[PDB]
Amino acid sequence: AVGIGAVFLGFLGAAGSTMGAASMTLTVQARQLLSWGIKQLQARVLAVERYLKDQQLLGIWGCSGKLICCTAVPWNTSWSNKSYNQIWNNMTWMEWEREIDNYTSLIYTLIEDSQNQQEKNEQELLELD
Amino acid sequence: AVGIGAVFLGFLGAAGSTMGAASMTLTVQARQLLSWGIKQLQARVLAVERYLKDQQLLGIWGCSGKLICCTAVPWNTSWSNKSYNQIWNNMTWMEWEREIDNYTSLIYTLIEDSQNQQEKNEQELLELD
Amino acid sequence: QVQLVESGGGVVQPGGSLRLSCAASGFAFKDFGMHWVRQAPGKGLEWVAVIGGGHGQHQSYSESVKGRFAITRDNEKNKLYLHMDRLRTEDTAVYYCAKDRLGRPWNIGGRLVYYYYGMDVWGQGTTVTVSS
Amino acid sequence: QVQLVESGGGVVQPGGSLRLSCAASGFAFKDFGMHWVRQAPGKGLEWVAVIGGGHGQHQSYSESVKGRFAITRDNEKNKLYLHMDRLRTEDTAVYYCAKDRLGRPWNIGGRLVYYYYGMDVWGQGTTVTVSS
Amino acid sequence: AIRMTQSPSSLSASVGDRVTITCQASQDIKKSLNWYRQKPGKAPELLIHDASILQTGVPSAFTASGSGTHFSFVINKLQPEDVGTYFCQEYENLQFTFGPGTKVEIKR
Amino acid sequence: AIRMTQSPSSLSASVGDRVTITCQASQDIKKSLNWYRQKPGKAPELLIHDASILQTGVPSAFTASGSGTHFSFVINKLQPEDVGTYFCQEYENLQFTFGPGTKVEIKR
Ligand SMILES: *[C@@H]1O[C@H](CO)[C@@H](O[C@@H]2O[C@H](CO)[C@@H](O[C@@H]3O[C@H](CO[C@H]4O[C@H](CO)[C@@H](O)[C@H](O)[C@@H]4O)[C@@H](O)[C@H](O[C@H]4O[C@H](CO)[C@@H](O)[C@H](O)[C@@H]4O[C@H]4O[C@H](CO)[C@@H](O)[C@H](O)[C@@H]4O)[C@@H]3O)[C@H](O)[C@H]2NC(C)=O)[C@H](O)[C@H]1NC(C)=O
Ligand SMILES: *[C@@H]1O[C@H](CO)[C@@H](O[C@@H]2O[C@H](CO)[C@@H](O[C@@H]3O[C@H](CO[C@H]4O[C@H](CO)[C@@H](O)[C@H](O)[C@@H]4O)[C@@H](O)[C@H](O[C@H]4O[C@H](CO)[C@@H](O)[C@H](O)[C@@H]4O[C@H]4O[C@H](CO)[C@@H](O)[C@H](O)[C@@H]4O)[C@@H]3O)[C@H](O)[C@H]2NC(C)=O)[C@H](O)[C@H]1NC(C)=O
Ligand SMILES: *[C@@H]1O[C@H](CO)[C@@H](O[C@@H]2O[C@H](CO)[C@@H](O[C@@H]3O[C@H](CO[C@H]4O[C@H](CO)[C@@H](O)[C@H](O)[C@@H]4O)[C@@H](O)[C@H](O[C@H]4O[C@H](CO)[C@@H](O)[C@H](O)[C@@H]4O)[C@@H]3O)[C@H](O)[C@H]2NC(C)=O)[C@H](O)[C@H]1NC(C)=O
Ligand SMILES: *[C@@H]1O[C@H](CO)[C@@H](O[C@@H]2O[C@H](CO)[C@@H](O[C@@H]3O[C@H](CO[C@H]4O[C@H](CO)[C@@H](O)[C@H](O)[C@@H]4O)[C@@H](O)[C@H](O[C@H]4O[C@H](CO)[C@@H](O)[C@H](O)[C@@H]4O)[C@@H]3O)[C@H](O)[C@H]2NC(C)=O)[C@H](O)[C@H]1NC(C)=O
Ligand SMILES: *[C@@H]1O[C@H](CO)[C@@H](O)[C@H](O)[C@H]1NC(C)=O
Ligand SMILES: *[C@@H]1O[C@H](CO)[C@@H](O)[C@H](O)[C@H]1NC(C)=O
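Residue numbers (the authors' numbering), protein chains in the order written: chain K, 512 to 546, 571 to 664; chain B, 512 to 546, 571 to 664; chain Q, 1 to 52, 52A to 52B, 53 to 82, 82A to 82C, 83 to 100, 100A to 100N, 101 to 113; chain H, 1 to 52, 52A to 52B, 53 to 82, 82A to 82C, 83 to 100, 100A to 100N, 101 to 113; chain L, 1 to 108; chain V, 1 to 108.
Set out below in structure tokens:
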């Protein structure tokens, strides 16, 4: 016998479950987050800038339109030597982000400086010839 | 409880079972059929001519290397108005061949005169442009 | 070790109320789902209700008790409660607290669900009499 | 209607032989697979052997009879045979002929196989005694 | 074929009572079970096949159930006419082994 | 949850005999069956879960089998210590219904 909730994750609750299980509701969480007068006016502009900031990076990385996209940057096991299953079936999003917090800027840089650079250079060369 | 034979159809036995089931051992039957001195010498030459005759047609029809090949000639229901299942799950090879015996030369002609002709003409035109 | 301390019983009049409290230790009370069952004198064991683990985001009641009883829990006190309201004489029974084999809020299909496989741990219950 | 006429029995000495013949009509004898079973006095029913339909391209024997008995059939006479050779006193039993629920040589997997689902039609058998 | 066992060897009741026969396999046979009933002077009559389905022409006086290793034959009401030996036969493999048979009779 | 039935309501034997309890569902419950044993003054003890698996710490004095609608509880040898009421509980749906219970005692 199994008791069930209604439809899907309410809000953020999956943050403490494994990243594997949590991935199920990225569509939910993303939609919810993505979407006196002067103070609110300021807040609105800030919300837009935060919104567009993320969209800029997703655009550049070739990830726009996706909530899950594979890159072409290899994982340097110096960051973490855990296997695929040792991470995804054993660690939460809150825990994972902390584990590699100090590599965020490194990897983000690598995506753009190496892969994006390559994809744009080679793209033109392929279109030319 | 089920009793089983060794491996596969011995020889021709499937001829009286439905064409569906019989299709399973086309590889067997084909191989077996495909493969004093003067009389045998004559027979050998005749065997070669029969062998090559079939290969000629299979080559022309674009069927070489296959024991099952789809053509692009539509079935004229005047020949038989039975549905797919009404034939394949209900009639043997011996029975079927008799049903459409008088259309053999007709359909063979149509394969070559219409489809083969088209495929060779259009092929050249596509390669040219 | 595992021990359930089941009290809060006694004798009440029909139309009255009480609440039972089953204190427990020796296990992760906060995590496992729990059961309520009752056995009237001369009868077999009747299932009363179930509450899931964690914060108890799912319940089910027997049709014989729905609308008259409520289940809750306090994960810091490690106590399981049965709110026995508007009682009838038919509610005389010994009531037991029990732990399900699992009862956990699995994240599956994008939602939490509680998997139950039946009671396997319990105390000895307490007698609640409803009479006049 | 369906009727099995089972004869060829009698009394033989150990070391001797006989052959039983079960004539049948009312059904497509040539198509269905057949069984042999036997029941010794004071015992239950022991399975003896099976032969498939058609020409009988598959058989199985009980370990208690293998090497001493043979099964065959004649689809024009509509008779099922049991060759009872080199018999022992332990072979005293009433022997029955029976038809399987199916027993047909299906063309599947590129080969013929016989699907059996057990006996469902039979006569009353005949007594074969082996004694001295 | 997996050896079948039946119990009790001697089963009796008064007329009209509900009488059941236990039959088990030492190994999983999934469903391949027939029930036969033998009367004196008559070859065993097939009542139920595939562990649950009555044979054509057999009245709904009997049922059966179970799967895997545990099966049972149920006589809804035992009448004098139903006295006989009931057999549990397995036909998963080509030995079609019969069980010991259970004798069902009227108490006196 | 599907109503469970048990039979006989009163089951007895001499010490050391093999004693079984019949339990059935009116509808297929597949496997969701627990067996409990109640002794006077004690809450029912879980002996077998998932219709066949002994609970940790329970001695191999009991077995069970069956699936679908037909189940059985087997007492390998009935000892005075095993006297009690055995319950057939279904937990397929969130009603966790208990069966009537069968009382098992020693003949005298
Ligand atoms: C962890 O922390 C959470 C968060 O606080 C906590 O959960 C909360 O528990 C309280 C107490 O159980 C919950 O409060 C209940 O909320 C419902 C919601 O009503 C709204 O939504 C429905 C939706 O249909 C609307 O219809 C309704 O109009 C409202 O909009 C209330 O209905 C409940 O009221 C009843 O119960 C009260 C209990 O004290 C009564 O005082 C009250 O008068 C109502 O009683 C009626 O119903 C009873 C049902 O048993 C019945 O017995 C009475 O006789 C009478 O008929 C109640 O206010 C709150 O919702 C929970 N919050 C969440 C998010 O779930 C957890 O308890 C805590 N966990 C742990 C382990 O500590
Ligand atoms: C439709 O038509 C078909 C075609 O004729 C017909 O089937 C044929 O039936 C006959 C009679 O049963 C079969 O003849 C038997 O053939 C085997 C084959 O032996 C060869 O192959 C094995 C393979 O391992 C080799 O080891 C062996 O050395 C040979 O190369 C023979 O072994 C059989 O001989 C025994 O049986 C005879 C029965 O009369 C005896 O006389 C003989 O001495 C042998 O007896 C021994 O074995 C007996 C086994 O029961 C035993 O009882 C004896 O005591 C002794 O130990 C036999 O000659 C023939 O193969 C079938 N043909 C095919 C293609 O299957 C069908 O009967 C017919 N259908 C209908 C419905 O009418
Ligand atoms: C807070 O976060 C934790 C995260 O750990 C949650 O606990 C776990 O939640 C996951 C799912 O979210 C559960 O995962 C399931 O585990 C099963 C394994 O069971 C075996 O192993 C446990 C080990 O304790 C034994 O107890 C158990 O008896 C078994 O031996 C898997 O079988 C499950 O697989 C399911 O999904 C796949 C998907 O393809 C299906 O194919 C399968 O058929 C099956 O349906 C699943 O992986 C995990 O069990 C939870 N842990 C525990 C101990 O229960 C918390 O529940 C969570 N809390 C809240 C508030 O939600
Ligand atoms: C000479 O030729 C004939 C040709 O008709 C053979 O007889 C038939 O042979 C075919 C296979 O070669 C058999 O086909 C099977 O039929 C099953 C249907 O059974 C139902 O219908 C019959 C109707 O009489 C009922 O009696 C029966 O009780 C059932 O109600 C199918 O289920 C079978 O499907 C199998 O194949 C598929 C393949 O994907 C699998 O997925 C299935 O799970 C299953 O395994 C199959 O189609 C047909 O039954 C035969 N007819 C009879 C009456 O038995 C002769 O046997 C043949 N003789 C020789 C010498 O070989
Ligand atoms: C990984 O699994 C083991 C299993 O015992 C557990 O102890 C450990 O805490 C897990 N890691 C995380 C991130 O929880
Ligand atoms: C087609 O199936 C029917 C089913 O009764 C049968 O009568 C008929 O003979 C079948 N056709 C052939 C070609 O056998």
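Backbone N, C-alpha and C define an ideal beta-carbon position, used for all residues, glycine too.
Any non-hydrogen atom of ligand 1 within 7 Å of residue i CB
i                      : result
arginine 71 of chain Q : yes
Reduced DSSP category for residue i - H, G, I as helix; E, B as strand; rest coil
i                         : result
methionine 535 of chain B : helix
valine 518 of chain B     : coil
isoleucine 2 of chain L   : coil
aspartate 82 of chain V   : helix
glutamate 584 of chain K  : helix
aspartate 17 of chain L   : coil
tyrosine 91 of chain L    : coil
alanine 512 of chain B    : coil
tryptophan 103 of chain H : strand
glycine 66 of chain L     : strand
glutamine 1 of chain H    : coil
Any C-beta of chain B under 8 Å from that of residue i
i                           : result
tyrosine 100J of chain H    : yes
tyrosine 36 of chain L      : no
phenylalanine 87 of chain L : no
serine 58 of chain H        : yes
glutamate 92 of chain L     : yes
Any C-beta of chain Q under 8 Å from that of residue i
i                           : result
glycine 57 of chain V       : no
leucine 520 of chain K      : yes
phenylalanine 96 of chain V : yes
Distance cut-off 7 Å: residue i Cβ against heavy atoms of ligand 2
i                        : result
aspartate 31 of chain H  : no
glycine 68 of chain V    : no
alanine 68 of chain H    : yes
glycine 516 of chain B   : no
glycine 54 of chain H    : yes
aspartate 82A of chain H : yes
Strand pairing of residue i, partner residues [DSSP]
i                        : result
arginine 99 of chain H   : H:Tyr100J
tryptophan 47 of chain Q : Q:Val37
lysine 103 of chain V    : V:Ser10 and V:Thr85
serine 58 of chain Q     : Q:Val50
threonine 87 of chain H  : Answer by DSSP bridge pairing: none, since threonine 87 of chain H is not bridged.
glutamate 6 of chain Q   : Q:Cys22
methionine 82 of chain Q : Q:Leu18 and Q:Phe67
Cβ of residue i within 8 Å of any chain L Cβ
i                        : result
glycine 99 of chain V    : no
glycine 531 of chain B   : no
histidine 70 of chain V  : yes
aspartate 101 of chain H : yes
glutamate 46 of chain H  : yes
Within-8 Å CB hit, residue i to chain V
i                      : result
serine 67 of chain L   : yes
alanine 517 of chain K : no
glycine 597 of chain K : no
Residue-level contact to chain K via CB, residue i, 8 Å cutoff
i                       : result
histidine 35 of chain Q : no
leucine 100G of chain Q : yes
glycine 52 of chain Q   : yes
Cutoff 8 Å: residue i Cβ touching any chain H Cβ
i                         : result
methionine 535 of chain B : yes
When a residue counts only if its C-beta is closer than 7 Å to some heavy atom of ligand 3, which residues count, in chain order? K:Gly524, K:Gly527, K:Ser528, K:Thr529, K:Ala532, Q:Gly52B, Q:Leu97, Q:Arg99, Q:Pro100, Q:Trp100A, Q:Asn100B, Q:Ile100C and Q:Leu100G
Where the beta carbon is closer than 6 Å to any heavy atom of ligand 6, which residues qualify, in chain order? Ordered by chain, the residues meeting the criterion of a beta-carbon within less than 6 Å of a non-hydrogen atom of ligand 6 are B:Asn625, B:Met626 and B:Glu630.
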